[PDB]
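A.B. asks: Quick one: structure below, then a few questions.
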Amino acid sequence: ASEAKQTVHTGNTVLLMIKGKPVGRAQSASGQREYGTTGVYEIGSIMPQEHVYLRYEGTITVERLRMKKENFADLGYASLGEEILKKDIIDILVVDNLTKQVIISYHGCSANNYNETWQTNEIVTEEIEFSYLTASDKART
Amino acid sequence: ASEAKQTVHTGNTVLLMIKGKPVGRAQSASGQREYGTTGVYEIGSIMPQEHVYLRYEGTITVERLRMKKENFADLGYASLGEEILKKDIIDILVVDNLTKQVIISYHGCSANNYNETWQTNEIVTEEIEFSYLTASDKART
Amino acid sequence: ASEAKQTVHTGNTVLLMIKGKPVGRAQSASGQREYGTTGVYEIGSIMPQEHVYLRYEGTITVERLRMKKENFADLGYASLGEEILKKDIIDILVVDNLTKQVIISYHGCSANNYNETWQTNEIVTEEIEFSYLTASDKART
Amino acid sequence: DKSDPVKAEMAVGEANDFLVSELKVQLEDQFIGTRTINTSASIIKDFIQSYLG
Amino acid sequence: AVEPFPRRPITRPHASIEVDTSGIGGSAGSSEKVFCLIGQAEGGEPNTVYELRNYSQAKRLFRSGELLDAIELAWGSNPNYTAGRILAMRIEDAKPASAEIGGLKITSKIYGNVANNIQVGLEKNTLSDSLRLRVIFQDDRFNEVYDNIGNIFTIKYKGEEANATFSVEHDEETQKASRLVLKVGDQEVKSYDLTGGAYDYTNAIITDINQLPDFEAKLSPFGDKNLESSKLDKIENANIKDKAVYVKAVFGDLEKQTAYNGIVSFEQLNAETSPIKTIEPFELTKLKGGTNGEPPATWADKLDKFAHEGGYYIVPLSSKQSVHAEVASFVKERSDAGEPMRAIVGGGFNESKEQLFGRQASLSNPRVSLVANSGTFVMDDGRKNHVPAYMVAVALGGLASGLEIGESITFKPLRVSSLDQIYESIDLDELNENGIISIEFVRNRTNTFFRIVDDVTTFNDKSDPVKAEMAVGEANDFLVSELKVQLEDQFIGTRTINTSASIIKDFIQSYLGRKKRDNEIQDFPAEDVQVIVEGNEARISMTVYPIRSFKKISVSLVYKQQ
Amino acid sequence: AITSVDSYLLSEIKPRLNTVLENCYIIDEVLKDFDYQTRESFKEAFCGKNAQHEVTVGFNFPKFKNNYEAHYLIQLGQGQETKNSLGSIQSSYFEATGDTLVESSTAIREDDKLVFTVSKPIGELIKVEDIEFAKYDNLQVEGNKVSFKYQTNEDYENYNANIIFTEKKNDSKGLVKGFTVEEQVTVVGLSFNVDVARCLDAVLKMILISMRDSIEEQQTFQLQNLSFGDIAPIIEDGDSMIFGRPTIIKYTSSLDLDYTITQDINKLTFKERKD
């Protein structure tokens, strides 16, 4: 129940950072990976003798409520026009709120999809999809 | 809670404009983009060395309640028959209601799909899909 | 004789104050808070291993008799239309009649719904329900 | 002197300056400017804590 | 304990990068418990215990010695089981070095034979009628310089009158000089007593003098000088109408600035009621008299220093049998007092198993374990050191510190490069059966391991696991100690109006149930608890089953046709 | 602490009533609604420090005669139990505490502190008027005086203040046992002239309102409920009738008792099972 004693990361305990700033009004974040695993089969038997890894695919999703200031478009972390070619890679960190310790990091993030919605009575929702080169979980120990 | 102090764009704060007029009885609007991102792989290692951008796809959706006057068909912003070939590009703006400042603009919008529905007790719903050349967010600063 | 070790609060020892102004002919008020506690269930246990706080929701209601002057609409605290958008937050204080010390204060109160009843055989009454950001019981002795 | 950041770093002192000045002017309006019938020390304490929060 | 070193003040925002042969080294990891060590060590205050969170602090304060090597073993033995926080105290009773030249008694913040390599000197700055200081600590190559020392502000009298005189008086009872009077043409304007009150600081005096239309006191920009008024120097009849009259606090300016020097302390020499020996420039001269002293014959006083510190594990870096007895007696005292502890010991090189039994015969105590093996370790900078057993004891202590309460050190690997002797299977069995903890060697296809065969204390009997296995006893120790301290807070500490025996029973059962939910304890009897209350005292009795580890596996194979 | 409501009414009424009748301005506010004739005749009679006629108050069935020109009469009335608590427990205290007092004091100049002195041991402090002592002030109590530190408060060596505090008796911690009692008490004004009675009743209603701010009322006697009867001839066997409008006052209060505890645990010893 207490802040420190809870063995499980609630959404409250977690903080999301980009380039030395927190991301305000964040709502969701998902990370998916595929090692390109395959099975080896031969004439001798149907059962797969071994499994091997072929290709590494890594994507992370983020959703956000469009603030009147400090949006991804305003902040330059995301781009709309041809300016994207002038945007370098980005690194994302997911952080423990209590001590600012690192939980997991995404390296070499680059954008894939950018989505935006407006509606009569809902809050403006901003979504973006990032593809990255590697993901590492170090500096914890 | 107040109009000015809310850091988040509610649906109320936003206004949608086309060609120097507001769009009455607007209900929804969505904008999606794909940079055609791909990963580079080589024989040396499975991990993707780099990411690059290939093709730019940009589409915006709008829904509206068919007014008895000033519809897209009536207003000429959309066409049904062969007259479409006589229709030029259109530019859309999404605007801050308070000060008429610009939030985001779509340039070179051209139509892809046009949908219409009628039903016994519902309000007539008009939908249209626009594909555009570029999207820019400037003049804010 | 008066032994303070057993005293309790009642309607005659409490004041309801807004912006320093004591609201007149106020009848009742109720306060609610929800921490959204949820349990964690493992596979090998029917019992909840632990509970965690997730979400803070709180509302306060106020019942009043509509004075001919200084009603909630006239005071500007409430609203009846688009005037609401220009209404800023308020703090509602419950203060001790005896000492004028504070018992509990609600910070960042915002209005949720407004109810008024016109009846033939009874005095006019109105009810307001607010949603607040945080509560506080500081400034004690 | 490096002992006190507010004295040395204008950015820190500026943050204090705007904080206090914005607070007091708001406080003047609520109690002095606006007609207040009654006020207690604790009420002021709560308002200050509300502002800082 | 004391975390000795606070921040270094900084001057500029910058990033600097410099190649080096060595890095910052290890770091203390998160830990439930603390590890205490004593050993030969250069640097630091004798008979004082220091807490270390990083190897950098250990280098910075415990400048060298086998103790510092022990810390490296504690954190470098296993990255997964990195040792926790550290408490350290040097056995050697080192002395400071001192220099008494030029009206100043100069002493070293450093204690040991190194302290004599400190050189300090004063110089005369003819440019501003001021003294100058330089401090060089050659071994650490630390160079410091101060200039314009003593001169605060200058006074000029601007009027046309014949003579203006500045005077400061002296008090012989306390040796202070606490008056400052401005006189012009045998007439006085004001007098400032420098004994606090109206003119406590020189700032007010400068403000006071500046208000005088015929005078101006102007601040010297070379160094912050806002000293208290009482620190002004003895001055007698200085002509204010002249070009410049200086107001001086030679020791006061020295006292402030020299406090920030990392090597030196300053004292003002009283002549040998004797007046003050004048502070004057002198040659940069070595400090002298700093030595390491000798270790005490008994370490009991040192061990008593660690009482009420919470360090569960303590390791003396020695092989002396008497020293081991002192620790065992000390640990026995603390355990009964309410502060459980464990001691890890190991002596000499390749000592005979019979001598090990000799130590066992002399010493049989569950609170201590005796390590037999001696070996060599590869450490930072590539140096490999061949060391006695008590350095191996640190590795066991550092390992056990990192491990959780419920997990034993049994069978876990160790990084030690090699061992003096390779015990056989029978040799190992004799040691373990006789309450001796040892190290075992195994070889993979292309890998080699050094493993801790089992947990055993000097206590021999196998009947009771808590006595034999320190891991089991440790689990009981932390369970009870954590329970009681919590219980003290709720009922004794916190104001409790009423209490019943049954209430205590429920609270105990609540506590135990929580531990099971955290997997700290496997099982226990719920109904076995007993509570008795008698006036102001209560008796509590309960039982919990110790955890059992996996020891033996026996296998047989059968070959067959088809 | 069994509460005698009847005594409390008399204690509050007698001083406050005299003060109200002493001045004329307050009476005019009270009698604003009444006509000119009745208002001034009452004022001519009882109002003012120089009033020859005077009002009296007493309990029922006295063996002497009361001033039937104008008199307040009280009788105890019914009582009922309304709400209980688990184990009949009300509160727990670490100190034997008596009544709650309000006292006025002036700050005194000590070396490190400014201190107020009070007639009795402080026990539990409740409030000092319009002071929010910060932690750096280090507010603390000592015997019959309360102290706060001097620095950055140096303008207040002469501070004049009111203090609310409790009477401390013993360090013997104990519990409270009791329940809530809903009690009714009757009050009536008497006269041989109806106009005086109506004025007299109206005066009573005002001081009942003022009693709502009293310390005893706020802390001990809560939830007023007033009920007025019809004007009736109390007496008919005489040269002229006596007329009076009875009123009924209701209260909520606690009938409490102190239970002292001696089983203070100080020692705590842990012994393991021999097995």
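Labels for the structure tokens follow display order: chains A, B, ..., residues from 1 in each chain, ligands from 1.
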I need the chain F residues near chain E as a PDB file with N, CA, C and O atoms, in the first residue's frame; criterion: at most 9 Å, counting only C-alpha atoms.
C.D. replies:
```pdb
ATOM      1  N   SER F  92      -9.993   9.092  24.988  1.00  0.00           N
ATOM      2  CA  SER F  92      -8.841   8.668  25.769  1.00  0.00           C
ATOM      3  C   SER F  92      -7.896   9.845  25.941  1.00  0.00           C
ATOM      4  O   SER F  92      -7.673  10.615  25.002  1.00  0.00           O
ATOM      5  N   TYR F  93      -7.343   9.981  27.144  1.00  0.00           N
ATOM      6  CA  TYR F  93      -6.474  11.098  27.478  1.00  0.00           C
ATOM      7  C   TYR F  93      -5.243  10.594  28.210  1.00  0.00           C
ATOM      8  O   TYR F  93      -5.325   9.651  29.003  1.00  0.00           O
ATOM      9  N   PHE F  94      -4.104  11.231  27.940  1.00  0.00           N
ATOM     10  CA  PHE F  94      -2.872  10.943  28.657  1.00  0.00           C
ATOM     11  C   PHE F  94      -2.695  11.797  29.905  1.00  0.00           C
ATOM     12  O   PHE F  94      -1.775  11.537  30.687  1.00  0.00           O
ATOM     13  N   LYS F 173      -2.998   8.940  33.099  1.00  0.00           N
ATOM     14  CA  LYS F 173      -3.778   8.700  31.894  1.00  0.00           C
ATOM     15  C   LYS F 173      -4.982   7.823  32.211  1.00  0.00           C
ATOM     16  O   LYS F 173      -4.918   6.937  33.067  1.00  0.00           O
ATOM     17  N   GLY F 174      -6.084   8.073  31.512  1.00  0.00           N
ATOM     18  CA  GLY F 174      -7.304   7.327  31.748  1.00  0.00           C
ATOM     19  C   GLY F 174      -8.249   7.440  30.577  1.00  0.00           C
ATOM     20  O   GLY F 174      -8.022   8.219  29.647  1.00  0.00           O
ATOM     21  N   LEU F 175      -9.315   6.649  30.626  1.00  0.00           N
ATOM     22  CA  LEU F 175     -10.330   6.626  29.586  1.00  0.00           C
ATOM     23  C   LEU F 175     -11.584   7.356  30.043  1.00  0.00           C
ATOM     24  O   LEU F 175     -11.759   7.656  31.227  1.00  0.00           O
ATOM     25  N   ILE F 261      -6.090   4.172  34.430  1.00  0.00           N
ATOM     26  CA  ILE F 261      -5.360   2.960  34.081  1.00  0.00           C
ATOM     27  C   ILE F 261      -4.026   2.974  34.808  1.00  0.00           C
ATOM     28  O   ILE F 261      -3.325   3.993  34.820  1.00  0.00           O
ATOM     29  N   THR F 262      -3.679   1.843  35.417  1.00  0.00           N
ATOM     30  CA  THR F 262      -2.404   1.675  36.096  1.00  0.00           C
ATOM     31  C   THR F 262      -1.499   0.659  35.418  1.00  0.00           C
ATOM     32  O   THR F 262      -0.321   0.561  35.783  1.00  0.00           O
ATOM     33  N   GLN F 263      -2.012  -0.090  34.443  1.00  0.00           N
ATOM     34  CA  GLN F 263      -1.234  -1.130  33.785  1.00  0.00           C
ATOM     35  C   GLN F 263      -0.370  -0.530  32.685  1.00  0.00           C
ATOM     36  O   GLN F 263      -0.614  -0.748  31.495  1.00  0.00           O
ATOM     37  N   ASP F 264       0.648   0.230  33.081  1.00  0.00           N
ATOM     38  CA  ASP F 264       1.579   0.834  32.138  1.00  0.00           C
ATOM     39  C   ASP F 264       2.719  -0.141  31.874  1.00  0.00           C
ATOM     40  O   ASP F 264       3.484  -0.474  32.786  1.00  0.00           O
ATOM     41  N   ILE F 265       2.834  -0.594  30.630  1.00  0.00           N
ATOM     42  CA  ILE F 265       3.908  -1.502  30.247  1.00  0.00           C
ATOM     43  C   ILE F 265       5.147  -0.676  29.935  1.00  0.00           C
ATOM     44  O   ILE F 265       5.091   0.279  29.154  1.00  0.00           O
ATOM     45  N   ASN F 266       6.267  -1.044  30.549  1.00  0.00           N
ATOM     46  CA  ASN F 266       7.548  -0.387  30.336  1.00  0.00           C
ATOM     47  C   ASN F 266       8.642  -1.336  29.884  1.00  0.00           C
ATOM     48  O   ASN F 266       9.547  -0.914  29.161  1.00  0.00           O
ATOM     49  N   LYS F 267       8.577  -2.602  30.286  1.00  0.00           N
ATOM     50  CA  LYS F 267       9.604  -3.585  29.984  1.00  0.00           C
ATOM     51  C   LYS F 267       9.047  -4.604  29.003  1.00  0.00           C
ATOM     52  O   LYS F 267       7.835  -4.824  28.942  1.00  0.00           O
ATOM     53  N   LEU F 268       9.943  -5.224  28.236  1.00  0.00           N
ATOM     54  CA  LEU F 268       9.535  -6.096  27.136  1.00  0.00           C
ATOM     55  C   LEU F 268      10.691  -7.056  26.858  1.00  0.00           C
ATOM     56  O   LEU F 268      11.720  -6.660  26.307  1.00  0.00           O
ATOM     57  N   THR F 269      10.500  -8.316  27.235  1.00  0.00           N
ATOM     58  CA  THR F 269      11.554  -9.320  27.218  1.00  0.00           C
ATOM     59  C   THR F 269      11.155 -10.464  26.297  1.00  0.00           C
ATOM     60  O   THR F 269      10.027 -10.962  26.372  1.00  0.00           O
ATOM     61  N   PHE F 270      12.085 -10.876  25.440  1.00  0.00           N
ATOM     62  CA  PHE F 270      11.868 -11.943  24.472  1.00  0.00           C
ATOM     63  C   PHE F 270      12.709 -13.144  24.877  1.00  0.00           C
ATOM     64  O   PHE F 270      13.917 -13.010  25.107  1.00  0.00           O
ATOM     65  N   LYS F 271      12.074 -14.310  24.968  1.00  0.00           N
ATOM     66  CA  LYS F 271      12.753 -15.555  25.316  1.00  0.00           C
ATOM     67  C   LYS F 271      12.306 -16.631  24.339  1.00  0.00           C
ATOM     68  O   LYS F 271      11.107 -16.797  24.102  1.00  0.00           O
ATOM     69  N   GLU F 272      13.267 -17.360  23.783  1.00  0.00           N
ATOM     70  CA  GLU F 272      12.953 -18.360  22.775  1.00  0.00           C
ATOM     71  C   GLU F 272      12.581 -19.687  23.424  1.00  0.00           C
ATOM     72  O   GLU F 272      12.952 -19.969  24.567  1.00  0.00           O
ATOM     73  N   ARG F 273      11.838 -20.501  22.680  1.00  0.00           N
ATOM     74  CA  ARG F 273      11.439 -21.812  23.166  1.00  0.00           C
ATOM     75  C   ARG F 273      12.671 -22.677  23.393  1.00  0.00           C
ATOM     76  O   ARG F 273      13.617 -22.657  22.600  1.00  0.00           O
ATOM     77  N   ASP F 275      13.051 -25.904  23.176  1.00  0.00           N
ATOM     78  CA  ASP F 275      13.205 -26.870  22.092  1.00  0.00           C
ATOM     79  C   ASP F 275      14.019 -26.291  20.938  1.00  0.00           C
ATOM     80  O   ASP F 275      13.488 -26.014  19.864  1.00  0.00           O
TER      81      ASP F 275
END
```
A.B. asks: Using only C-alpha atoms, determine which residues of chain C fall within 12 Å of chain B; present them as a PyMOL selection string.
C.D. replies: chain C and resi 82-90+108-112+130-133
A.B. asks: Write the selection just made, keeping N, CA and C atoms, as a PDB file, in the first residue's frame?
C.D. replies:
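And here's selection34.pdb as it stands now:
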```
ATOM      1  N   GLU C  82     -21.793  30.083 -20.823  1.00  0.00           N
ATOM      2  CA  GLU C  82     -20.403  30.171 -21.249  1.00  0.00           C
ATOM      3  C   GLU C  82     -19.574  31.052 -20.325  1.00  0.00           C
ATOM      4  N   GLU C  83     -20.213  31.766 -19.398  1.00  0.00           N
ATOM      5  CA  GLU C  83     -19.498  32.558 -18.406  1.00  0.00           C
ATOM      6  C   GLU C  83     -18.614  31.665 -17.544  1.00  0.00           C
ATOM      7  N   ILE C  84     -18.954  30.375 -17.476  1.00  0.00           N
ATOM      8  CA  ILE C  84     -18.192  29.430 -16.665  1.00  0.00           C
ATOM      9  C   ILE C  84     -16.743  29.373 -17.124  1.00  0.00           C
ATOM     10  N   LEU C  85     -16.517  29.451 -18.437  1.00  0.00           N
ATOM     11  CA  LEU C  85     -15.172  29.278 -18.972  1.00  0.00           C
ATOM     12  C   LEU C  85     -14.207  30.324 -18.432  1.00  0.00           C
ATOM     13  N   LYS C  86     -14.719  31.478 -18.010  1.00  0.00           N
ATOM     14  CA  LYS C  86     -13.887  32.530 -17.447  1.00  0.00           C
ATOM     15  C   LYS C  86     -13.813  32.477 -15.928  1.00  0.00           C
ATOM     16  N   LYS C  87     -14.410  31.470 -15.299  1.00  0.00           N
ATOM     17  CA  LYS C  87     -14.372  31.346 -13.849  1.00  0.00           C
ATOM     18  C   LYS C  87     -13.143  30.550 -13.442  1.00  0.00           C
ATOM     19  N   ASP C  88     -12.332  31.131 -12.567  1.00  0.00           N
ATOM     20  CA  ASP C  88     -11.133  30.467 -12.092  1.00  0.00           C
ATOM     21  C   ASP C  88     -11.463  29.555 -10.913  1.00  0.00           C
ATOM     22  N   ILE C  89     -10.438  28.845 -10.440  1.00  0.00           N
ATOM     23  CA  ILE C  89     -10.626  27.927  -9.330  1.00  0.00           C
ATOM     24  C   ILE C  89     -10.897  28.708  -8.048  1.00  0.00           C
ATOM     25  N   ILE C  90     -11.408  28.003  -7.041  1.00  0.00           N
ATOM     26  CA  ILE C  90     -11.657  28.570  -5.724  1.00  0.00           C
ATOM     27  C   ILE C  90     -11.230  27.568  -4.665  1.00  0.00           C
ATOM     28  N   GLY C 108      -8.291  24.132  -5.170  1.00  0.00           N
ATOM     29  CA  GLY C 108      -8.568  23.955  -6.581  1.00  0.00           C
ATOM     30  C   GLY C 108      -9.945  23.390  -6.850  1.00  0.00           C
ATOM     31  N   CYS C 109     -10.944  23.882  -6.125  1.00  0.00           N
ATOM     32  CA  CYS C 109     -12.308  23.426  -6.340  1.00  0.00           C
ATOM     33  C   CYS C 109     -12.820  23.893  -7.695  1.00  0.00           C
ATOM     34  N   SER C 110     -13.526  23.002  -8.386  1.00  0.00           N
ATOM     35  CA  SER C 110     -14.161  23.318  -9.656  1.00  0.00           C
ATOM     36  C   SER C 110     -15.569  22.746  -9.654  1.00  0.00           C
ATOM     37  N   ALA C 111     -16.485  23.467 -10.290  1.00  0.00           N
ATOM     38  CA  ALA C 111     -17.899  23.129 -10.270  1.00  0.00           C
ATOM     39  C   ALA C 111     -18.200  21.993 -11.235  1.00  0.00           C
ATOM     40  N   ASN C 112     -19.083  21.094 -10.802  1.00  0.00           N
ATOM     41  CA  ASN C 112     -19.448  19.912 -11.573  1.00  0.00           C
ATOM     42  C   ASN C 112     -20.874  19.994 -12.095  1.00  0.00           C
ATOM     43  N   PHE C 130     -18.929  20.232  -6.365  1.00  0.00           N
ATOM     44  CA  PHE C 130     -17.630  20.639  -6.874  1.00  0.00           C
ATOM     45  C   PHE C 130     -16.698  19.440  -6.966  1.00  0.00           C
ATOM     46  N   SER C 131     -15.714  19.544  -7.853  1.00  0.00           N
ATOM     47  CA  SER C 131     -14.604  18.609  -7.933  1.00  0.00           C
ATOM     48  C   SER C 131     -13.317  19.367  -7.650  1.00  0.00           C
ATOM     49  N   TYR C 132     -12.517  18.847  -6.725  1.00  0.00           N
ATOM     50  CA  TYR C 132     -11.336  19.544  -6.243  1.00  0.00           C
ATOM     51  C   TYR C 132     -10.087  18.743  -6.565  1.00  0.00           C
ATOM     52  N   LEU C 133      -8.960  19.451  -6.637  1.00  0.00           N
ATOM     53  CA  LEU C 133      -7.686  18.805  -6.927  1.00  0.00           C
ATOM     54  C   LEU C 133      -7.161  18.072  -5.702  1.00  0.00           C
TER      55      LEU C 133
END
```
A.B. asks: Distance cut-off 10 Å, counting only C-alpha atoms - which residues of chain E neighbour chain A? Return them as a list in words.
C.D. replies: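 Going by the stated atoms only, the list reads residues 29, 30, 79, 80, 82 and 518 of chain E.
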A.B. asks: Residues as selected, C-alpha atoms, written as a tab-separated table (two decimals), in the first residue's frame, can you do that?
C.D. replies:
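part-v7.tsv, freshly written:
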```tsv
chain	number	residue	atom	x	y	z
E	29	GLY	CA	25.55	-1.45	-3.36
E	30	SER	CA	22.13	-1.48	-1.74
E	79	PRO	CA	29.20	-7.81	-9.03
E	80	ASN	CA	25.93	-9.65	-8.37
E	82	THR	CA	28.48	-6.73	-4.23
E	518	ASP	CA	7.08	-12.15	1.64
```
A.B. asks: Least-squares align chain B to chain A using all Cα atoms paired by position, then dump the moved coordinates as a compact mmCIF listing (two decimals) with C-alpha atoms, in the first residue's frame.
C.D. replies:
```txt
# COMPACT_ATOMS: atom_id res chain seq x y z
CA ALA B 1 0.00 0.00 0.00
CA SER B 2 2.82 2.36 0.89
CA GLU B 3 4.98 4.10 -1.69
CA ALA B 4 8.21 2.22 -0.99
CA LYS B 5 6.87 -1.15 0.12
CA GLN B 6 4.73 -1.97 -2.92
CA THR B 7 6.57 -4.67 -4.86
CA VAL B 8 4.77 -3.78 -8.12
CA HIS B 9 5.29 -0.80 -10.42
CA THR B 10 2.00 1.05 -10.53
CA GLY B 11 1.54 3.67 -13.21
CA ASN B 12 2.06 6.34 -10.57
CA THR B 13 5.56 5.15 -9.63
CA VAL B 14 6.82 5.47 -13.21
CA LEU B 15 8.07 8.60 -14.94
CA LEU B 16 8.91 9.05 -18.62
CA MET B 17 11.74 11.31 -19.79
CA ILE B 18 13.09 12.54 -23.11
CA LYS B 19 16.31 14.53 -23.50
CA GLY B 20 16.50 15.74 -19.92
CA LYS B 21 12.84 16.75 -19.65
CA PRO B 22 9.73 14.94 -18.40
CA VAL B 23 6.88 14.35 -20.84
CA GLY B 24 3.82 16.17 -19.56
CA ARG B 25 0.31 14.75 -19.87
CA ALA B 26 1.54 11.33 -20.93
CA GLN B 27 -1.19 8.70 -20.99
CA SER B 28 0.19 5.42 -22.37
CA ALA B 29 3.38 3.76 -23.57
CA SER B 30 3.99 0.32 -25.06
CA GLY B 31 7.13 -1.48 -26.18
CA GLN B 32 7.14 -4.53 -28.45
CA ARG B 33 10.03 -6.67 -29.65
CA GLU B 34 10.51 -9.62 -31.99
CA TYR B 35 13.74 -11.61 -32.15
CA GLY B 36 12.78 -13.19 -35.47
CA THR B 37 12.82 -16.64 -33.91
CA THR B 38 12.52 -19.65 -36.20
CA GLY B 39 12.60 -23.42 -35.91
CA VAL B 40 14.95 -25.86 -37.63
CA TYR B 41 13.37 -28.88 -39.29
CA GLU B 42 14.93 -31.78 -41.18
CA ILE B 43 13.91 -34.96 -42.97
CA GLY B 44 14.78 -37.23 -40.06
CA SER B 45 12.01 -36.13 -37.71
CA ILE B 46 9.12 -33.69 -37.54
CA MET B 47 10.19 -32.26 -34.20
CA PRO B 48 12.24 -29.03 -34.39
CA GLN B 49 15.82 -29.82 -33.46
CA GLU B 50 16.83 -26.24 -32.62
CA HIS B 51 15.67 -22.64 -32.56
CA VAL B 52 17.64 -19.65 -33.85
CA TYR B 53 17.26 -15.87 -33.99
CA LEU B 54 17.22 -14.06 -37.34
CA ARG B 55 16.18 -10.40 -37.16
CA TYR B 56 15.61 -7.84 -34.41
CA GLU B 57 12.52 -5.62 -34.61
CA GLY B 58 11.86 -3.04 -31.90
CA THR B 59 9.06 -0.48 -31.69
CA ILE B 60 7.70 1.76 -28.94
CA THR B 61 4.37 3.60 -28.88
CA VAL B 62 3.46 6.75 -26.96
CA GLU B 63 0.22 8.68 -26.51
CA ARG B 64 -0.14 12.20 -25.17
CA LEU B 65 -2.73 14.92 -24.68
CA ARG B 66 -1.87 17.89 -26.86
CA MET B 67 -0.83 20.69 -24.54
CA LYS B 68 -1.07 24.25 -25.79
CA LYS B 69 2.72 24.34 -25.35
CA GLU B 70 5.61 21.86 -25.35
CA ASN B 71 4.09 19.39 -27.82
CA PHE B 72 6.32 17.11 -29.85
CA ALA B 73 5.86 19.35 -32.89
CA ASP B 74 6.56 22.44 -30.78
CA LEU B 75 9.46 20.76 -28.96
CA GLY B 76 11.06 19.38 -32.12
CA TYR B 77 11.06 15.76 -30.94
CA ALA B 78 8.70 15.06 -33.85
CA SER B 79 8.31 16.67 -37.26
CA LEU B 80 5.57 17.00 -39.88
CA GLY B 81 7.19 18.16 -43.12
CA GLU B 82 10.53 17.57 -44.77
CA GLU B 83 12.28 18.80 -41.60
CA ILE B 84 12.29 15.18 -40.40
CA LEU B 85 15.43 14.56 -42.45
CA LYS B 86 17.10 17.15 -40.21
CA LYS B 87 16.06 15.30 -37.03
CA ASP B 88 18.60 13.00 -35.39
CA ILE B 89 17.97 9.93 -33.25
CA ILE B 90 16.36 10.24 -29.82
CA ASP B 91 16.81 8.25 -26.61
CA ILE B 92 13.89 7.56 -24.26
CA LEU B 93 14.07 6.57 -20.61
CA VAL B 94 11.44 5.14 -18.27
CA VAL B 95 12.24 6.16 -14.73
CA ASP B 96 11.36 5.38 -11.12
CA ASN B 97 9.63 8.46 -9.74
CA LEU B 98 10.92 8.09 -6.17
CA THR B 99 14.67 8.15 -6.81
CA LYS B 100 15.02 8.96 -10.54
CA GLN B 101 16.59 5.53 -11.03
CA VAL B 102 16.38 4.05 -14.51
CA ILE B 103 14.06 1.14 -15.26
CA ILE B 104 14.55 0.71 -19.02
CA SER B 105 16.01 2.76 -21.87
CA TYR B 106 15.41 2.89 -25.63
CA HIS B 107 18.37 3.86 -27.81
CA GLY B 108 18.30 5.21 -31.35
CA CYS B 109 14.58 5.94 -31.45
CA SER B 110 13.34 7.18 -34.82
CA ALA B 111 9.78 7.96 -35.85
CA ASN B 112 7.51 5.71 -37.90
CA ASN B 113 3.93 6.98 -37.53
CA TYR B 114 2.35 10.16 -36.17
CA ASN B 115 -1.38 10.39 -35.50
CA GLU B 116 -3.61 13.22 -34.28
CA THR B 117 -7.31 13.55 -33.49
CA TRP B 118 -9.80 16.31 -32.72
CA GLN B 119 -13.35 15.82 -31.45
CA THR B 120 -16.26 17.84 -30.11
CA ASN B 121 -16.11 17.08 -26.38
CA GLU B 122 -13.02 14.88 -25.97
CA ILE B 123 -9.53 16.01 -25.10
CA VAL B 124 -7.14 16.34 -28.03
CA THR B 125 -5.12 13.13 -28.29
CA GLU B 126 -1.63 13.01 -29.80
CA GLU B 127 -0.04 9.66 -30.66
CA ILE B 128 3.35 8.79 -32.10
CA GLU B 129 5.20 5.58 -32.99
CA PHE B 130 8.97 5.19 -32.65
CA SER B 131 11.26 2.51 -34.05
CA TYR B 132 14.58 2.09 -32.28
CA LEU B 133 17.89 0.31 -32.78
CA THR B 134 18.37 -1.28 -29.35
CA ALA B 135 16.82 -1.44 -25.89
CA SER B 136 18.94 -1.80 -22.76
CA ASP B 137 18.18 -2.16 -19.04
CA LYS B 138 21.40 -1.28 -17.23
CA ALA B 139 22.64 1.01 -14.44
CA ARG B 140 20.09 -0.65 -12.14
CA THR B 141 22.93 -2.75 -10.71
```
A.B. asks: Identify, on the basis of only C-alpha atoms, every residue whose closest approach to residue F:225 does not exceed 10 Å; exclude the query and any residue fewer than 5 positions from it along the same chain; express the result as a PyMOL selection string.
C.D. replies: chain F and resi 184+248-252
A.B. asks: Determine which residues of stretch 9-124 of chain A DSSP labels as alpha helix (DSSP H) from the backbone of this structure, then write them out as a list in words.
C.D. replies: residues 72, 73, 74 and 75 of chain A
